[PDB]
Each structure stands twice: as C-alpha cells, then as structure tokens.
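# Breakdown of the fold
For reference, the chains in residue letters:
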Amino acid sequence: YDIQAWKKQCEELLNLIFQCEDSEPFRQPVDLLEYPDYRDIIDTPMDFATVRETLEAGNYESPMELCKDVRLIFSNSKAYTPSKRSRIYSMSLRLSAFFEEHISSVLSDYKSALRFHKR
Ligand SMILES: CCOC(=O)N1CCOCC1
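Presented here is an overview of the structure given in this document. (Residues numbered from 1 in each chain as written, not as in the entry; some residues may be left out. Heavy atoms only, no water. Residues with missing side-chain atoms left out of burial classes, pairs and counts.)

Below, the discussion takes up the packing of helix α3 (residues 48-56) against helix α4 (residues 63-80). In contact at an axis separation of 10 Å, α3 and α4 are set at 170° when each is read in the N-to-C sense. Taken together, the axes of α3 and α4 lie roughly antiparallel to each other. Of the residues in α4, those in contact with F48, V51 and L55 of α3 are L66, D69, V70, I73 and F74. Classifying every residue of the contact of α3 with α4 gives seven nonpolar, no polar and one charged. (Axes fitted to C-alpha atoms, helices over the stretch in contact; angles between N-to-C directions. Helix = DSSP H or I, 4+ residues; strand = E, 2+ residues; numbered from the N terminus. Parallel < 35°, antiparallel > 145°, perpendicular 65-115°, else oblique. Contact = heavy atoms within 4.5 Å. Nonpolar A, V, L, I, M, F, W, Y, C, P; charged D, E, K, R; others polar.)

Residues in close proximity to the ligand include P25, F26, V30, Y35, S77, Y80, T81, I88 and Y89, which together make up its full environment. Side-chain polar atom of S77 to an oxygen atom of the ligand: 2.6 Å apart, as the coordinates give it. Going through the elements one at a time, α4 and α5 (87-117) are the ones with two or more residues in the shell around the ligand. Its residues assigned to classes, the shell around the ligand shows seven nonpolar, two polar and no charged. (Near = heavy atom within 4 Å. Polar contact = N/O pair within 3.5 Å; in protein donor to acceptor, adjacent residues only side chain to side chain.)

For the rest of this paragraph, the subject is the packing of aromatic side chains. Applying the stated criterion to the full structure yields six aromatic pairs. Measuring from centroid to centroid gives 3.9 Å for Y1 and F116, while their planes differ by 5°, and the two rings are stacked. With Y1 in the segment before α1 (6-19) and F116 in helix α5, the pair connects residues that are 115 residues apart, well separated along the chain. For the ring pair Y35 and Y80, a centre distance of 5.8 Å and an interplane angle of 90° mean the geometry is edge-to-face. Of the two residues, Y35 sits in the loop between α1 and α2 (38-41) while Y80 sits in helix α4, which places them 45 residues apart along the sequence. These aromatic residues form a ring-pair network of at least three members: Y35, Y38 and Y80. Against the face of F18 rests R52, its NZ or CZ located 3.9 Å from the ring centre. Sitting above the plane of the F116 ring, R119 keeps its charged end 3.9 Å from the centroid. (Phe/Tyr/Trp six-rings, centres within 6.5 Å; stacked < 30°, edge-to-face > 60°. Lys NZ or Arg CZ within 6 Å of the ring centre and 35° of its normal.)

For the structure shown, the criterion picks out zero disulfides. Here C10 stays free of any disulfide, with the sulfur of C67 as its closest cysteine sulfur at 8.4 Å. A residue is classified by how much of its surface remains accessible, and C10, at 2% relative accessible area, is buried. Given a relative accessible area of 3%, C67 falls into the buried group. (Disulfide = S-S within 2.5 Å. Buried < 20%, exposed > 50% of the residue type's maximum accessible area, 1.4 Å probe, protein only.)

Attention now moves to the packing of α4 against α5. Where α4 contacts α5, the axes come no closer than 10 Å and their chain directions differ by 165°. Taken together, α4 and α5 sit at an angle that is classed as roughly antiparallel. Judged by the sense of rotation from one axis to the other, the crossing of α4 with α5 is left-handed. Mapping the contact onto sequence places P63, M64, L66, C67, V70, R71, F74, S77 and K78 in α4 and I88, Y89, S92, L95, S96, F99, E100, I103, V106, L107, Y110 and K111 in α5. By residue class, the composition of the contact of α4 with α5 is 14 nonpolar, three polar and four charged. (Left-handed = near helix turned anticlockwise from the far one by under 90°.)

Listed below in structure tokens is the structure:
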C-alpha cells in the first residue's frame, strides 16, 4: 500500500530498458536530419530519455502518466513505419511486450495503494 513505490519501480524498469539492445532507436529523440519528414507524420515525439528526465524531475504524478508516454514511443514507431516488417518497428514490438509485462504489477500496486488510501 505504498503510494510512492511506483517511482523507484519505474526507474529500475527504465534502467532495464536502456540495457536492452531493442531500445537503441528509442533512447533519444528521433533525428530530423536522418528522418526529414518525421514531424509531418508524428505530432508528439517521445523517447526514453525524455521519459526518464520527466520522472527524475518529479513531473509524473502517477505511473499511468509514465505508461501513456512510453506507449506513445511505440505508437509513434507504428505510425512512422513504412512496413510492419521494418527493423525498427520490429524492435518496438519486442520492447513493448517487455515493457507491458513489467509495468502491469507497477500499475496494479499503485492503484491498489491509492484505493487503500481512499478507503
Ligand atoms: C520503423 C519505425 O521507425 C521508428 O520507429 N523510428 C524510431 C525513431 O526514429 C525514427 C525511426
């Protein structure tokens, strides 16, 4: 029932994601010199360094907000991919599966702690 525990749990999950080779295309903002039309397709860029910095700045109130930004990294990859078989998009799918598998208990524990707090 610790309402604050999600933050360190998210820091540790971000550390695992940064060690994962599949996260390399998503660690920093997409380079517009490499992908000149990126902002014509993607309205809201997102990357894991921005998520980590937002968390460390104390600018997430809950793990649901962090989860919405991580999911935006994956939906941006899906929206920008020219093919469902592209290398970078395939890396995003594996990374998304790993993220979803690990964030599920973080979200459940937070929501349970908050319900206990408001009982
Ligand atoms: C295949 C889809 O492409 C992406 O997801 N990108 C990762 C971020 O930088 C641009 C390329």
